[PDB]
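S.K.: Pasting an experimental structure with its sequence.
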Amino acid sequence: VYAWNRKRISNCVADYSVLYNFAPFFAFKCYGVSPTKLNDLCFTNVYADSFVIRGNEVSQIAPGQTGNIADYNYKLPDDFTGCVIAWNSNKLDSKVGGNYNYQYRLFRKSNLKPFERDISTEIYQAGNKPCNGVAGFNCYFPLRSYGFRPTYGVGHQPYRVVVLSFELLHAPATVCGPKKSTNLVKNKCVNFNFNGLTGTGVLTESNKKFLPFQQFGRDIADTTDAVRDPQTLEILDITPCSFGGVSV
Amino acid sequence: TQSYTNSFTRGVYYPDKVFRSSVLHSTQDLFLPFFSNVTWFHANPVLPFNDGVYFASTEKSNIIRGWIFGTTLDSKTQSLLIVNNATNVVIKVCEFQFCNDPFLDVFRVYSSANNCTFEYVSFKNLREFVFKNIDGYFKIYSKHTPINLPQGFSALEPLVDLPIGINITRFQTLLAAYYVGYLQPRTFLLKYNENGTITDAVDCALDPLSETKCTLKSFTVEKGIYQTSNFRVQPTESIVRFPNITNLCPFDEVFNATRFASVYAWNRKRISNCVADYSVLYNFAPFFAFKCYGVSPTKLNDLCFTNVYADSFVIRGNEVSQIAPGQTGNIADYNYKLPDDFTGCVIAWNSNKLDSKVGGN
Amino acid sequence: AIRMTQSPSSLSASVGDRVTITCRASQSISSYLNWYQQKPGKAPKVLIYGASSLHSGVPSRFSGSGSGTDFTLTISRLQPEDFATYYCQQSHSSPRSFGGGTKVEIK
Amino acid sequence: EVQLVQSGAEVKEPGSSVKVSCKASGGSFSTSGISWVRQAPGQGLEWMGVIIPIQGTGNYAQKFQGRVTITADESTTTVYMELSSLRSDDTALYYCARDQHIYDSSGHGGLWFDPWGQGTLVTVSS
Amino acid sequence: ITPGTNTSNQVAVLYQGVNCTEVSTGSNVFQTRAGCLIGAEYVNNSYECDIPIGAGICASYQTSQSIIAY
Ligand SMILES: *[C@@H]1O[C@H](CO)[C@@H](O)[C@H](O)[C@H]1NC(C)=O
Ligand SMILES: *[C@@H]1O[C@H](CO)[C@@H](O)[C@H](O)[C@H]1NC(C)=O
Ligand SMILES: *[C@@H]1O[C@H](CO)[C@@H](O)[C@H](O)[C@H]1NC(C)=O
Ligand SMILES: *[C@@H]1O[C@H](CO)[C@@H](O)[C@H](O)[C@H]1NC(C)=O
Ligand SMILES: *[C@@H]1O[C@H](CO)[C@@H](O)[C@H](O)[C@H]1NC(C)=O
Ligand SMILES: *[C@@H]1O[C@H](CO)[C@@H](O)[C@H](O)[C@H]1NC(C)=O
């Protein structure tokens, strides 16, 4: 957990409905998004951060949490949008004599910033007496090994955790769900869906001066008034179709 | 050679990649404050980084070429090297061993280059760059404008975004006179004209007039008296006062009993005159989480209670849901009832290995 | 830079007697003192750690106490197999300085 | 508990170096300090240095710095101590021991060396 | 207190309901029943009210022009 692995996912179509076939977990824990809607969205990037904790600490893998893990080992941002997947791995990560291949950081001078990894093995100095790298009074070793055994209770058994963080920026989308894209229809009232941005309106050719890095435009009420087509990089103006009041 | 200069209004960049036209938009971000104090260098330690760097160079022949970012710059950690050939920009994050006085000859910078986890390849002129390392991206904004620091305005369009998450604290310039400023978390009011270009900006914390301009959400302010803000005196230090108590609370004997009581004759223990560390309760029982009502489990160590009561018993699984305020059932009616205004924590763990016998317990 | 001084260096007692050995530190080491028992031709074994705790398997006759700069190891009833050399070690800070060592002999 | 087994005896000359192995049976490796304690013939014990295998380096007392090198082989679960520039005062029994360092919450309880090797007699022949 | 930005960027500040001791800050402090007025030169003359400050004190922008309170 103190040296949690991180993998970057980009330039691919992500089908989140096969994640049930890879790990024997019971449900997602998705913050800011719903697990069933993941296949209908495009994200600029995905990050899969994997590690092992024990049962008690699975509750700490969540935005706004505090503890040993959330402070010194693995911290999630308060504005987190993603999904946490944790499953019991007592059959794999537990030995009869004890599994001491998994460790956690117990002491640290200050709390971790979100998504910060600290792999320093320096001796922690609780007091003022210098340690000079040697354990002693008020000189602790910050890393402590979990002792995982098959006879431990469900709260003390190992749990494998994978955190998926969805970077949804203004950049062009790179990770999308399986979704076939139809032909572009202009000058007609249609239900459009650009990279998961859904709406209803009339799409017209535009002469707005989008800079090469921009991808969409907003309005006074933060309503998307222009878009960039993901395939043919042109600028489309979105207009409400047609409506009015009718008096008798 | 280190001189000092006023930055005037230089250093405004597009904070987002959303197109806006003919609008005044308020954004809080790392900006270089107006009329700041920039350091002017002439052609050597390493400058700090802080929250961001604004680099400016009035040049004509591209003498300055590259930059170095990192924390120790001694191959003990990953460092960012950004150089450029006649056309190709070379960006590397190897664990370089930089020389004391890096320079370029018309390469004598890093004697070693190991563990490269990322590689990216792509009148005077005033070139302005803003480097900031927020989130997990190293954002570089650039703007080259012909001059003859001018008392004018020009926005800096974004140029490069790199997913490198290298911790950066120090940086240095590489060449084969330049201005440096540091970004601070300021609130700005930006003006997008008809073509979507930032043409003016107001720094809301510069002076009372700019506070008025930002409060009105406008650049022109009419004659009158405007209620702008509220002045407050901020605290100087923190004071903590807790009672004189040294004994530790006896949570050992509650969770580690040989046999728990029956639910109808539930055991109760009183806890007082002690310091209770609720972070060791995880080491006594193999439960999965607390169920705290009126309080949060992580905050328990920051509170003082007049008394604590630990009521212990054994039920079966179906009835664990009944140990909660407002519940009804056999247990909540005839055995163990909790008040509707309950403030506490319920801890339940399976004990099938202890409380179950082959013939029945 | 912390030194440990023992007293006496060699005491001769009989079986069933009470043996008291003192271990003094130049400066306070809290409760980071240990007592080791070494028999000739063999590696030392732990008897007291933390100045007040008994290791698993240690007979109840051994007892240690004290804190700060004054410490004492006490054997309530001496035994024929309790004649050995006793070393006191401080775990306060580097270096872990062993005492001069007290040798318990038969009267 | 954990069992420690060392290598055999060594006979050397002043100005040479000696490498002594200490193989742990196992159970807390890469987090347990493998301390080395030497004992001169007829003299008291002396602490040379300690190594935590995950640190990679080795810490030593302010009497052996500069001529003692301790390294750990994680794959073989063996700790190696290399004492260079041997002299007359380097003839002793060389034990390897494992630290525990149980601390409750304030400083009560300290380190102790429960497992010791059988001892590696190193003789610096003249 | 400000004349229009078309006229001058010089402004005066009124800290409402505080004594002129609990107070960017010029050496032109003045004590009105409405608060502490910084940046306005009090004048013994009286004119028509231009910018009402309160409790009978008004401010204007008049001549080398500056903000005066009266
Ligand atoms: C995208 O794909 C369409 C057809 O699949 C193709 O006509 C178009 O050129 C492609 N554009 C890009 C930028 O890949
Ligand atoms: C910038 O700070 C220096 C001292 O660090 C000071 O001498 C200089 O006057 C400042 N710049 C301005 C424009 O006042
Ligand atoms: C926008 O660009 C056009 C292009 O000629 C120019 O005429 C116009 O003045 C620009 N807008 C502004 C506000 O300058
Ligand atoms: C500027 O605004 C003031 C309002 O206080 C007005 O009296 C004056 O005539 C204006 N001047 C110009 C040139 O618009
Ligand atoms: C301000 O305080 C001083 C003493 O500190 C007092 O003499 C004076 O009357 C006060 N004035 C007002 C307006 O509060
Ligand atoms: C106003 O007059 C009083 C006395 O009549 C005098 O003390 C004071 O200084 C005058 N104020 C100014 C600004 O001249």
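M.R.: Looks like it arrived, so ask away. Numbers count the residues shown, from 1 in each chain, chains lettered A, B, ... in the order given. Ligands and ions are numbered 1, 2, ... in the order given.

S.K.: Residue of chain B closest to chain A, please.
M.R.: residue B:286 (2.4 Å; Cβ to the nearest Cβ). C-beta: built from backbone N, CA, C; applies to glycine.

S.K.: and if you look at chain D?
M.R.: residue D:59 (4.5 Å).

S.K.: ok, what's across the strand from that residue?
M.R.: residue D:50 (DSSP bridges).

S.K.: Pretty sure it sits against residue A:136.
M.R.: No - counting by Cβ atoms under 8 Å, residue D:59 does not reach residue A:136; the two are 10.4 Å apart.

S.K.: Looking at those two, which one has more neighbours?
M.R.: Taking neighbours as other Cβ atoms under 10 Å in any protein chain shown, residue D:59 and residue A:136 compare with residue A:136 leading, 25 against 20.

S.K.: got a list of what the more buried one touches?
M.R.: C:32, C:91, C:92, C:93, C:94, D:111 (Cβ atoms under 8 Å, 6 or more residues apart in numbering or on different chains).

S.K.: Is the most centrally placed residue in chain A within a helix or a strand, and which one?
M.R.: Centroid check for chain A by Cα atoms, centre = their mean gives residue A:165 as the closest residue, at 1.1 Å. Per DSSP states H and E: residue A:165 is located in strand A:158-167.

S.K.: what sits up against that strand?
M.R.: Residues contacting strand A:158-167 (Cβ under 8 Å, 6+ apart): A:23, A:33, A:41, A:43-55, A:57-58, A:61, A:76, A:80-90, A:92-94, A:99, A:102, A:115, A:146, A:148, A:175.

S.K.: so how far is chain D from residue C:10?
M.R.: 13 Å (Cβ to the nearest Cβ, to the nearest Å).

S.K.: Nearest residue to residue B:206 in space, please, no chain neighbours.
M.R.: Closest residue to residue B:206 apart from its sequence neighbours, by Cβ to Cβ, 6 or more residues apart in numbering or on different chains: residue B:34 at 5.3 Å.

S.K.: And for the residue of the stretch 1-150 of chain B found nearest ligand 3, nearest residue in space, chain neighbours not counted?
M.R.: Here the residue of the stretch 1-150 of chain B nearest ligand 3 is residue B:22; by Cβ to the nearest ligand atom that distance is 8.7 Å. The shortest distance from residue B:22 to any non-neighbouring residue, by Cβ to Cβ, 6+ apart, is to residue B:194 (5.3 Å).

S.K.: Is the one you found in a helix, a strand, or coil?
M.R.: Counting by DSSP: H, G, I helix; E, B strand; the rest coil, the backbone at residue B:194 sits in coil.

S.K.: do residue D:32 as well
M.R.: Quick answer, by three-state DSSP: residue D:32 is coil.

S.K.: Count the neighbours of it for me.
M.R.: Residue D:32 has 24 nearby residues by other Cβ under 10 Å.

S.K.: distance of it from residue D:81?
M.R.: Using Cβ to Cβ, to the nearest Å, residue D:32 is found at 16 Å from residue D:81.

S.K.: swap in residue D:114?
M.R.: 19 Å.

S.K.: Of these two, which one has the most company?
M.R.: residue D:81 (24 against 15).

S.K.: Torsion angles phi and psi at that one?
M.R.: phi -120, psi 120 (degrees, to the nearest 10).

S.K.: Tell me the secondary structure at the spatially closest residue to residue A:17 that is not a sequence neighbour.
M.R.: In this structure, residue A:17 finds its nearest non-sequential neighbour in residue A:39, 6.4 Å apart by Cβ to Cβ, 6+ apart. Here residue A:39 is helix, with the state taken from three-state DSSP.

S.K.: Tell me how many other residues crowd residue A:39.
M.R.: When neighbours are counted by other Cβ under 10 Å, residue A:39 comes out with 15.

S.K.: ok, now residue A:79?
M.R.: Taking other Cβ under 10 Å as the definition, residue A:79 ends up with a neighbour count of 9.

S.K.: Could you check how far it is from residue A:170?
M.R.: From residue A:79 to residue A:170 the distance is 16 Å (Cβ to Cβ).

S.K.: ok now do the closest residue to residue B:60 other than its chain neighbours, which residues does it touch?
M.R.: Closest residue to residue B:60 apart from its sequence neighbours, by Cβ to Cβ, 6+ apart: residue B:124 at 5.3 Å. Listed by Cβ under 8 Å, 6+ apart, the contact partners of residue B:124 are B:58, B:59, B:60, B:146, B:147, B:148.

S.K.: For the first one, pull up the helix or strand it's in.
M.R.: If I follow you right, that is residue B:58. strand B:53-59.

S.K.: residues making contact with that strand?
M.R.: Against strand B:53-59 from outside (Cβ under 8 Å, 6+ apart): B:7, B:10-11, B:32, B:38, B:47, B:64, B:67, B:124-132, B:147, B:149, B:171, B:173, B:177-183.

S.K.: Which ones among the residues you listed lie within strands?
M.R.: Members of the contacts of strand B:53-59 lying in strands (criterion: DSSP state E): B:38, B:47, B:64, B:67, B:124-132, B:147, B:171, B:173, B:178-182.

S.K.: Quickly note the distance from residue B:248 to residue B:281.
M.R.: 13 Å.

S.K.: between those two, which one's more packed in?
M.R.: Using other Cβ under 10 Å as the criterion, residue B:248 and residue B:281 rank with residue B:281 on top: 19 against 15.

S.K.: for that one, what are its contacts?
M.R.: Counted by Cβ under 8 Å, 6+ apart, residue B:281 has contacts B:251, B:255, B:347.

S.K.: Check the gap between it and residue D:106 for me.
M.R.: 19 Å.

S.K.: Then residue B:101?
M.R.: In terms of Cβ to Cβ, residue B:101 sits 50 Å off from residue D:106.

S.K.: Same check on residue A:170?
M.R.: 52 Å.

S.K.: and if you look at residue D:67?
M.R.: In terms of Cβ to Cβ, residue D:67 sits 38 Å off from residue D:106.

S.K.: for the longest strand seen in chain E, packing partners?
M.R.: Identified as the longest strand of chain E according to DSSP E is strand E:57-62. The contact analysis (3 or more Cβ pairs under 8 Å, 6 or more residues apart in numbering or on different chains; DSSP states H and E) places strand E:57-62 against strand E:51-54, strand E:66-69.

S.K.: right, and these - which one's nearest residue B:108?
M.R.: Minimum separation from residue B:108 across the helices and strands packed on strand E:57-62 (Cβ to Cβ) falls at strand E:66-69, 60.6 Å.

S.K.: which outside residues touch that closest one?
M.R.: E:1, E:3, E:10-12, E:30, E:32, E:37, E:39-43, E:53, E:57-62.

S.K.: and with 7 Å instead?
M.R.: E:1, E:10, E:12, E:30, E:37, E:39-43, E:53, E:57, E:59-62 (Cβ atoms under 7 Å, 6 or more residues apart in numbering or on different chains).

S.K.: For ChimeraX, write the select line for the buried members of those residues.
M.R.: Buried subset of the contacts of strand E:66-69, written as a ChimeraX selection, criterion 16 or more other Cβ atoms under 10 Å in any protein chain shown:
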select /E:1,12,30,37,39,40,41,53,57,59,60,61,62
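
S.K.: Greatest separation within the contacts of strand E:66-69: which pair is it?
M.R.: Farthest pair in the contacts of strand E:66-69, by Cβ to Cβ: E:10 and E:57, 18.4 Å.

S.K.: May I ask which helix or strand encompasses the residue minimising distance to the centre of chain D?
M.R.: By Cα atoms, centre = their mean, chain D has its centre lying nearest to residue D:36, at 2.1 Å. For residue D:36, the element it lies in under DSSP H and E is strand D:34-39.

S.K.: elements contacting that strand?
M.R.: Packing partners of strand D:34-39 (3 or more Cβ pairs under 7 Å, 6 or more residues apart in numbering or on different chains; DSSP states H and E): strand D:45-50, strand D:92-99.
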